[PDB]
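*Asks:* Taken in sequence, the protein lines are chains A and B. Using the UniProt record's numbering, the letters of the first sequence correspond one by one to residues 299 to 343, 348 to 718. Using the UniProt record's numbering, the letters of the second sequence correspond one by one to residues 299 to 343, 348 to 716. Positions of the beta carbon are idealized from the N, C-alpha and C atoms, including for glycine. Below is one structure. I have some questions about it.
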Amino acid sequence: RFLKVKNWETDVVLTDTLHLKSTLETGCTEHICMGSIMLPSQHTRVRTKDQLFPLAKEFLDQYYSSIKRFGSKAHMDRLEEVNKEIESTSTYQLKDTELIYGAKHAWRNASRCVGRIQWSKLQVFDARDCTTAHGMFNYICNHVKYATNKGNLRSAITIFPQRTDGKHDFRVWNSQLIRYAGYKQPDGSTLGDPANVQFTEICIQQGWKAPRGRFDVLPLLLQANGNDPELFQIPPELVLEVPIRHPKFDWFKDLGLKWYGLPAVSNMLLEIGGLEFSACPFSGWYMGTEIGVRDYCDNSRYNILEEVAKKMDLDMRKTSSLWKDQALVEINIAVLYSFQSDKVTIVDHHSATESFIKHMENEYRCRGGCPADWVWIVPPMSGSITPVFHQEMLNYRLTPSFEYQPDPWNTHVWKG
Amino acid sequence: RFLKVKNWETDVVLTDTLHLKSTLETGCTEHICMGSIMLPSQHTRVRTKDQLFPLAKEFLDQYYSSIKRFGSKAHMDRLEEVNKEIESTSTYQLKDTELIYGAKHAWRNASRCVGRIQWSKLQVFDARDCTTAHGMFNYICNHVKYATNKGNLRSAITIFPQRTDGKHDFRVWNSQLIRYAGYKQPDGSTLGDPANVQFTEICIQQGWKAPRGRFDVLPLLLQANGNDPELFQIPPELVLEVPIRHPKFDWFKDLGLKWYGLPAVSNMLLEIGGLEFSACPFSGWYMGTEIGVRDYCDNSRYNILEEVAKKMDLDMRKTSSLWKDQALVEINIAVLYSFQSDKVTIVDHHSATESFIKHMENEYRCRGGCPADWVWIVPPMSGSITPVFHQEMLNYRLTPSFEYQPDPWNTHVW
Ligand code: HEM
Ligand code: HEM
Ligand SMILES: Cc1cc(N)nc(CCc2cc(CC[C@H]3CCCN3C)cc(F)c2F)c1
Ligand SMILES: Cc1cc(N)nc(CCc2cc(CC[C@H]3CCCN3C)cc(F)c2F)c1
Ligand SMILES: C[C@H](O)[C@H](O)[C@H]1CNc2nc(N)[nH]c(=O)c2N1
Ligand SMILES: C[C@H](O)[C@H](O)[C@H]1CNc2nc(N)[nH]c(=O)c2N1
Ligand SMILES: [Zn+2]
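Printed below as a string of structure tokens:
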């Protein structure tokens with residue numbers, strides 16, 4: 299059965315056959331669409351030998367198809383070798399090749415990621431020999447340094463050992479490798495990034511000495527082999543930051559804003575052939591609106607719209623002056639200007655959405671489809687003047703995949 | 299099965315039980331979300351005697367529930383009376399009360415409509431006695447004049463006779479009562495409104511004399527009882543228009559832009575209790591972005607962005623200057639400024655989306671939920687600085703409903 303999607307701006311129609319290879323569930327039914335549910339139970343992540355070999359077999363079938371070896375003796379022996387290793391040890395180990403393929407395809411399958419044109423150029427760092435939080439710190443430092451590359455960012459992922467009985471997990475307790483602290487003041491106001499208050503408090507409790515600034519880079523909190531997590535300061539010379547200035551407004555620098563250059567998601571779960579990699583930091587480079595629109599302007603984040611609008615001297619009385627929209631654009635121009643001026647890799651939302659359309663069309667032709675979450679692909683500003691707004695998209699889940707998982711501080715059994 | 303929706307800007311969580319009353323289908327499955335498909339086969343639309355009575359019962363049941371007379375004599379009496387009429391006539395007729403309720407609730411159930419906080423204040427015009435396109439024209443002029451109200455816009459719907467055997471359909475061939483013409487130029491491009499080029503052809507191609515200007519109000523093309531449709535020009539004094547100027551850029555007025563005040567959708571099908579009202583033009587008032595973002599700036603529409611950015615002397619060399627975004631805001635500032643200045647009702651996207659959150663709150667409290675289509679509720683600019691962006695919404699199809707229907711010219715046994 300075939301399915302068509304139409305671009306209502308260009309009338310291009312594309313036929314999805316890839317959705318037939320969909321295993322996991324969306325969250326929707328014939329009678330309810332959960333398309334805007336943020337983290338439905340299906341996107342979040348204790349797995350026995352019973353269901354594991356089918357998951358292994360399908361991954362390996364995919365893998366050997368991509369390398370044009372489906373049904374080869376190499377393919378059959380690997381299936382055999384995996385089968386016996388599962389029944390003998392209740393799990394199995396991916397070869398290096400399989401790990402690299404898995405990690406790339408997980409990104410390729412990330413239906414919410416507008417950045418996927420880049421999916422084949424992923425630097426995969428195998429940290430499966432890691433055993434301690436200190437060893438995790440070292441792997442993450444090398445990741446950050448390689449990825450940052452003095453501003454010329456390179457996509458990378460570092461893969462720590464897979465889950466076994468779920469009692470010995472490797473977890474990075476930070477949502478992202480580099481994030482600013484947030485402090486709840488007694489007067490109710492927040493200093494720093496309000497999204498990080500809960501995490502900041504954990505770090506402080508774990509012994510972090512907080513400078514209590516507006517842009518304190520948080521320490522790494524690292525759990526190895528299911529042990530209690532341990533604090534580590536990322537070396538400051540490894541955290542590349544960009545002071546934010548505006549190309550026409552000289553008063554903008556005096557807002558004291560900066561942001562880090564390396565977006566690196568560290569709290570997601572990488573699933574490859576039934577194996578669960580609970581610690582798999584990955585990184586790329588920023589789309590400008592992630593900082594300019596969400597980080598700075600969300601009411602529940604730094605929320606500088608008011609101050610920026612005040613300094614532009616906009617009509618802030620009625621909303622219908624669109625003072626909020628006017629300031630948002632200027633803040634986002636500044637983010638882009640500052641990164642480009644400092645030669646830190648960044649993409650504006652127009653370029654990124656156009657690229658994703660090309661990627662998506664290419665994927666329908668070479669792959670039979672491209673799963674895409676419209677709710678997430680459309681940028682959080684100027685949506686309809688980017689070409690993804692007008693693009694019908696089919697959302698379905700392929701594996702390998704990145705899944706959410708509960709924050710470890712809610713599931714961890716503390717040792718002491 | 300008793301579902302929760304979370305707002306991520308406020309942590310407010312609502313429990314939806316209304317979705318359990320859902321009847322029609324979404325187009326999604328457990329394996330695939332079609333939440334971004336414009337027109338799945340369900341949202342588009348003869349009824350047999352067996353299908354019609356359950357549809358009527360369900361509608362009448364909710365109707366008599368809403369008037370606190372469920373399980374009453376009048377309820378059972380009406381139930382049997384409609385039951386008798388179906389068995390006899392293979393259809394039935396709504397009492398005016400049920401018609402008004404049906405219309406208001408088709409709006410209330412429109413999961414893609416952000417303006418539904420107003421749903422109960424709908425002015426329903428019963429046009430079921432209409433028999434001719436001239437008659438249809440008269441009802442539509444009365445609708446337009448009532449709805450416009452000298453710029454103090456009022457919601458209205460006018461309901462023409464229901465479908466019978468699909469051979470006697472009433473249809474308004476226009477997609478909106480008021481739309482600008484679109485003509486393809488000999489030199490390649492498109493003059494006026496490119497969305498309307500085929501229809502603008504069918505008008506000329508059926509007798510219209512086109513001014514071939516850039517903002518020509520299209521004529522009405524009215525089809526009664528399945529006959530060939532007829533051309534009628536809306537009296538210009540009924541078409542309230544706003545010249546678009548900017549409160550900072552005096553050159554803005556020289557762009558020659560204007561828009562009409564009355565958004566009046568005329569091509570949808572209104573379904574009440576299994577009955578199909580194929581001609582049911584309805585109208586309210588604009589959210590600013592509908593004109594400024596979509597009408598003026600879509601590349602498949604008036605696409606004035608490049609011209610406006612030029613006049614602002616923005617750096618259009620690279621997309622990273624965000625000149626498109628900068629101009630988009632200015633254009634939308636101007637639309638709001640103009641409508642407000644001329645005292646024509648308009649809501650900005652910040653005001654309308656806040657209203658819709660309040661409406662959601664109201665519906666979850668007093669009804670148990672509110673079906674909503676995030677892909678359509680989120681404005682086409684500044685999405686995340688509006689509250690609806692961070693609002694989880696459940697989308698499901700309730701009836702009475704507005705549905706899409708095939709364009710008449712594809713269908714009309716000419
Ligand atoms: C290289 C440049 C990249 C850009 C510009 C980019 C952009 C984005 C953006 C804007 C989002 C929306 C999420 C949000 O707004 O919070 C997203 C989501 C996502 N990205 Fe990418 N990304 C990039 C690289 C990567 C890489 C290297 C990976 C993994 C290997 C990745 C995996 C994902 C995933 C899994 C999501 C889903 C988030 C979720 O489900 O919550 N991205 N990306
Ligand atoms: C009173 C002010 C109103 C406002 C501000 C408003 C706003 C909107 C907007 C912005 C959309 C998105 C569609 C698009 O972008 O083209 C929409 C859709 C819709 N509106 Fe409302 N609307 C209003 C009144 C009404 C009324 C009076 C009705 C009928 C009684 C109605 C029924 C609908 C329906 C059915 C849709 C979606 C059509 C579909 O399913 O694709 N609206 N509205
Ligand atoms: C590699 C990379 C490049 C890039 N340009 N941007 C990113 C960040 C995108 C992103 C964001 C989130 C959580 C945000 C959600 C979770 C709950 C609250 N927030 C709304 C998870 C992800 F996996 C992810 F990729 C990553
Ligand atoms: C009464 C009213 C008030 C108001 N502020 N705006 C409107 C117009 C919005 C609208 C648009 C459409 C279809 C347009 C679709 C079809 C394919 C291309 N377009 C995406 C149907 C509707 F029912 C509708 F209301 C009406
Ligand atoms: C493909 C996609 O469904 C299409 O562009 C939709 C997206 N959301 C929309 N939302 C509104 N309000 N109006 C629209 O026309 C659209 N178009
Ligand atoms: C409720 C809604 O799903 C939620 O706010 C989503 C919507 N789309 C998004 N899209 C992106 N890129 N990032 C986000 O955080 C969100 N949040
Ligand atoms: Zn869905």
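#1: Just to make sure I have the definition right: I need the residues of chain A whose C-beta is within less than 8 Å of the C-beta of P702/B. Which are they?
#2: CA-CA distance, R299/A and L318/A?
#3: Looking only at C-alpha atoms, which of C582/B, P689/B, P463/B, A405/B sits nearest to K626/A?
#4: For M614/A, which three-state DSSP category applies?
#5: Around ligand 6, what residues have a beta-carbon under 7 Å from a heavy atom of it, in chain order?
#6: Given that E323/A touches chain B, what residues does it touch there, using C-beta distances under 8 Å?
#7: Is the beta carbon of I388/B closer than 8 Å to that of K447/B?
#8: Consider the Cβ of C599/B: report whether some Cβ of chain A lies at a distance smaller than 8 Å.
#9: Less than 8 Å between the beta carbons of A629/A and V610/A, yes or no?
#10: Measure how close the beta-carbons of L542/B and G558/B come, nearest whole angstrom, since I'm counting them as under 8 Å.
#11: Under three-state DSSP, which class holds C415/B?
#12: Taking the beta carbon of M378/B as the centre, do at least 16 other beta carbons fall within 10 Å, making it buried, or is it exposed?
#13: Can you tell me where the beta strand (DSSP E) holding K550/B begins and where it ends?
#14: Do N411/A and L616/A count as a contact pair if the criterion is CB distance below 8 Å?
#15: At least one CB of chain B closer than 8 Å to the CB of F517/A: is that the case?
#16: Ends of the beta strand (DSSP E) at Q425/B?
#17: How should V715/A be labelled, buried or exposed, when 16 other C-beta atoms within 10 angstroms of its C-beta is the threshold for buried?
#18: Are the beta-carbon atoms belonging to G404/B and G671/B less than 8 Å from one another?
#19: Does ligand 4 have a heavy atom nearer than 7 Å to the CB of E573/B?
#20: Tell me which residues share the same chain as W678/A and place their Cβ nearer than 7 Å to its Cβ, disregarding the 5 neighbours each side in the sequence.
#21: Tell me which residue opens and which closes the alpha helix (DSSP H) that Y403/A is part of.
#22: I536/A CB to nearest chain B CB: under 8 Å?
#23: Using a Cβ-Cβ cut-off of 6 Å (strictly less than) and excluding sequence neighbours within five positions of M618/A, which residues of its own chain qualify?
#24: By DSSP, does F534/A sit in helix, in strand, or in coil?
#25: Below 7 Å, is the gap between the Cβ of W711/B and the nearest heavy atom of ligand 3?
#26: Just mark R473/B as buried or exposed, buried being the case when its beta carbon has 16 or more other beta carbons within 10 Å.
#27: If you scan the stretch 642–702 of chain B from start to end, which runs of the alpha helix (DSSP H) of 4 or more residues do you find wholly inside it?
#28: At the 8 Å Cβ level, is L479/B part of the contact set with chain A, yes or no?
#29: Check distances from the C-beta atoms of the stretch 650–666 of chain B to those of chain A and list, in chain order, the residues that come in under 9 Å.
#30: Considering only residues of the same chain and omitting the five flanking positions on each side of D398/B, which have a CB-CB separation below 8 Å?
#31: At a cut-off of 7 Å, is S374/A close to ligand 4 when judged by its beta-carbon and the heavy atoms of the ligand?
#32: Quick check: is any heavy atom of ligand 1 less than 7 Å from the C-beta of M332/A?
#33: Taking Cβ-Cβ distances shorter than 8 Å, what residues in chain A pair up with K626/B?
#34: Identify whether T492/A lies in helix, strand or coil by the three-state DSSP scheme.
#35: Does at least one heavy atom of ligand 2 sit under 7 Å from the Cβ of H652/B?
#36: Using the beta-carbon of each residue, which ones in chain A are nearer than 8 Å to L357/B?
*Replies:* Here's the rundown:
#1: Under the 8 Å cutoff, chain A gives no residues; its nearest Cβ is about 17 Å from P702/B.
#2: 8 Å
#3: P689/B
#4: helix
#5: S334/A, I335/A, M336/A, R414/A, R596/A, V677/A, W678/A, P682/A, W306/B, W676/B, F691/B, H692/B, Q693/B, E694/B
#6: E328, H329
#7: no
#8: yes
#9: yes
#10: Incorrect: roughly 18 Å between the Cβ atoms, too far for contact.
#11: coil
#12: exposed
#13: From DSSP, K550/B is part of no beta strand (DSSP E); its letter is neither H nor E.
#14: no
#15: no
#16: 425–428
#17: exposed
#18: no
#19: no
#20: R414
#21: 398–410
#22: no
#23: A611, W625
#24: strand
#25: no
#26: buried
#27: 651–668, 676–679
#28: no
#29: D650, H651, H652, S653, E656
#30: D428
#31: no
#32: no
#33: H652, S684, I687
#34: strand
#35: no
#36: Ordered by position in chain A, no residue passes the 8 Å Cβ test against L357/B, which lies about 17 Å from the chain.
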